[PDB]
Every structure is written in structure tokens, then in C-alpha cells.
């Protein structure tokens, strides 16, 4: 078989679960003395760890409380309506994701609005642990770790100032990850950068690794395991000699917040009040301790907005033209007119042509919703013949500040 694989299995006792995740802007500490603006689910980076069992029925209420468009994209098997691309969730709006957990493993979830690197770099990612139904994982002390890239001064910097483990740079140096001599330990590790890959390395012991976080796989033994961005790994290890050790991504990341200290204790006694019974029956979850510490260190200051979705009326003078530019840098809200001419007039029967002069995809979408371009790729055009008189107000469904009008005579 394996004896170490967990084949896909029909859960005889599925449960029905629900979560509420809110897209929220905040100011958090990301390093000692470094406060930065972030885009979150529920106020921390990373977002909450979701944990349930293979076969469970899961519903996530998603609320957008920001002036950007956002989604939730979950890794793993589901259908198009629940894949987090279609539709974009607009400021002030809500969406319900729903799925039966089709397979066990370690997955992630993150925003899929455009440009996606910007939304992930600002903080919109989290961990999703799906426990196997055929049998529980071996009894272990369990921790989770996101590996990310963060720069407080330029979100999209190729090389970021920080490569935090769980959002706050260096947190596990002052607050070591505690393990118990001779006790199996399991790390749920999520790679979620955009540029460099992550060689995940732990000192002084050999890792057992499920590749891609998929429990159907035979695991393998590693001193270092390369986790690609958008991949995960379930890792088990045992330390047998009390003392201090390290784990870290192996590379320049380890000087920039991707390093953690491991404290090997002689027994589990000092942990009995901090650990929690795991959804893997017989295991000991430290995830609650971790998320408590993430919130303590980050000290989030939530930002609340009034009149989300409301915007002034276009009052620009109408131009007789059949060609419209989608303006360069429109993915920045600071560009106050995103189409040019923002208001056009044409005769009945006229084909109007939009050119995307930005470097990011945009759309042209009637909100009375009589026409819709879909994605218009950077540099490409989209055309439509207007055969019905009236005024049509249109938007970009990716960037809610983006609007225009066309008057057909």
C-alpha cells in the first residue's frame, strides 16, 4: 500500500461547518517597530487557519469591507462558482462559498483579484488543513507555518524587506516553537510568495514529507524540502535531545525574518494548558497558541470605511468618439479618470472600440448589464456595436473605482 498513505475515503460522519471571513484593511506590526498597512481576512496576516475533515460540508460567508474588489480562492477540488475568480466581490458586497471537502491534505486560500500578486503581497492568504477520514494522522504535536514575502515600503518589490514565517518577521526567535523529546511533531507549511522558492530546512533531524501536502502520496525523507509558491508540505519530525535548535527557509530569507527557534523540552508538562485536542484524533494542536501570538504581536488597527460602493456621478462633457482608452495605471485608485474619454456620445449603430493601455487586465461592463467584455488583456482591444439608444453606465468589474458612460442617440 504504503501503510503511510491515506487513500481517498468516504467520511461516515461528515459534519456541516460555517465560517465568516471579512476582507478588512488594517495597520499591523510586521516586525518590531515596523507598522504597515495590510489587506487581511479578519484582521491578521496570515488569515485564520481553517481546519476540518475530509468529507465535511463547508460554507464560508465572505464580506468585503474595503474599497477594493476581492475574492477567496481555495486550493483543492470544487466547481467554478466556488473557485474565487468569477465573480469579483465588490465593496460592501457579500458572497457565500460552499463545498464538500473532496480530499484530505494541506491547502491554502488567498484572494484572486487582479493583480493577484498585489493582493497576496498585502496579506490576503491563509491556511486550510483538511484531516483524513480513513484514519487520523499519527499522534503528534501540530503547528502551521506560512512562508511569505512582505515589504512595508513597496508591496511589489522583487526582493522584499521581510520573508516572515506567519506574517510577523522573527516572531519564533523570542517565542520558540516548543517540541517534546521523543514526541512526534507535525508541521503544516504553506509556501505563498511570488518570486523566490522556499527550501524549508530544520536543524538536527531528518524530515518525513508528504509532497504537495497530499496525503494520497507516499512520503519521503528530506534534510531540506523545496516548497514552491502556491504549494504546501506536511512535514513530520522527532527531536530526541533537549536543547535549542533552528528551522528556517535556507537562503537570504533567513536573514529577513524566516528563522525560528525550536525548544526541545524533556516532557509535555509545561504545554498542557496551551495545547488543544486536535481534529486529528489523538494529536495535540498548537495552532491556537500560534494564532493568539500572531494577534498579540501584530496589534491590528482595523480600518472602517463609510459609503462603500458609492461614488460621485460622472459630469464630464460628452465627446463624440468611437474609440476609448483604458488609461495606463488604472489599477491604481489614485487615477481619477480610468477611461478616456470618460463620457462618449455615438449614433445608433456605431461600433465603439476600447483599447487597454494599462499593463493589467481590465473590463468594460454595463451595470444595467446589456454588454460585457470579459477580461481585456493588457494592450488588447474589445469592440461592441451600440444599436439601441439610451445612456449606458459601465464599470470595470475588477477595479470598482473604474467607471464610464456612453450615450447612444
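Residue numbers count along the first chain shown, from 1.
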Exercise. Averaging only over Cα atoms, indicate whether 313-321 or 273-281 has the higher B-factor in the PDB entry.
Key: 313-321
Exercise. Look up the CA B-factors in the entry and say which stretch, 169-177 or 122-130, has the higher mean.
Key: 169-177
Quiz item: Which listed residue, 217, 198, 204, 224, has the largest C-alpha temperature factor in the record?
Solution: 204
Quiz item: Quick one: which of 163, 145, 239, 97 has the biggest Cα B-factor according to the entry?
Solution: 239
Self-check item: Ranked C-alpha temperature factor of residue 88 among modelled chain residues, by third
Solution: middle
Quiz item: Can you tell me which third, lowest, middle or highest, the CA B-factor of residue 290 falls into for its chain?
Solution: lowest
Practice problem: Divide the modelled residues of the chain into thirds by Cα B-factor and specify which third, lowest, middle or highest, holds residue 230. | Solution: lowest
Practice problem: Grab the CA temperature factor for residue 52 from the record and place it in the lowest, middle or highest third of its chain. | Solution: lowest
Quiz item: Sorting the chain's CA B-factors, does residue 73 end up in the lowest, middle or highest third?
Solution: lowest
